[PDB]
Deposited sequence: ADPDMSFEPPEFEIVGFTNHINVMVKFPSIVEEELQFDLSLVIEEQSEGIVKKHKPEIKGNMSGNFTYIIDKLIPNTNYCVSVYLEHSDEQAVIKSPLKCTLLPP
């Protein structure tokens, strides 16, 4: 039994700012695609080189697996 990380995202035109409150994984989903990011571990991690006007979803979780509910946003133009 344990507490999984909480997180917020805010989306910018070509990057997403991921704010985590704490092996730890930040999963970036686009359509068809899933990228797994490994932050160097309250930190902020920035997913960059993204496409404007595109939907992305983010999930944060510890690996040993409960994937967080996804948080999604639409990047501005």
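Asks: Where the model has no C-alpha, note the corresponding stretch of the deposited sequence, numbering from 1.
Replies: Residues lacking C-alpha coordinates: 1 to 5, 28 to 39, 59 to 64, 88 to 92.
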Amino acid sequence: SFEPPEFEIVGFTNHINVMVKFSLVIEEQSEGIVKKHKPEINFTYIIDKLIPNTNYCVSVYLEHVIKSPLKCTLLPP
From here on, numbers count along this sequence of modelled residues.
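Asks: Pick between 65 to 73 and 10 to 18: the one whose mean CA B-factor in the entry is higher.
Replies: Mean B over CA atoms: larger for 65 to 73.
Asks: Would you mind checking where the Cα B-factor of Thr54 ranks among the modelled residues of its chain, as the lowest, middle or highest third?
Replies: It belongs to the middle third of the chain when residues are ordered by C-alpha B-factor.
Asks: Ranking the modelled residues of this chain by C-alpha B-factor as given in the entry, is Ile41 in the lowest, middle or highest third?
Replies: It belongs to the highest third of the chain when residues are ordered by C-alpha B-factor.
Asks: Would you check the entry's CA temperature factor for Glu28 and let me know if it's in the chain's lowest, middle or highest third?
Replies: It falls in the bottom third of the chain.
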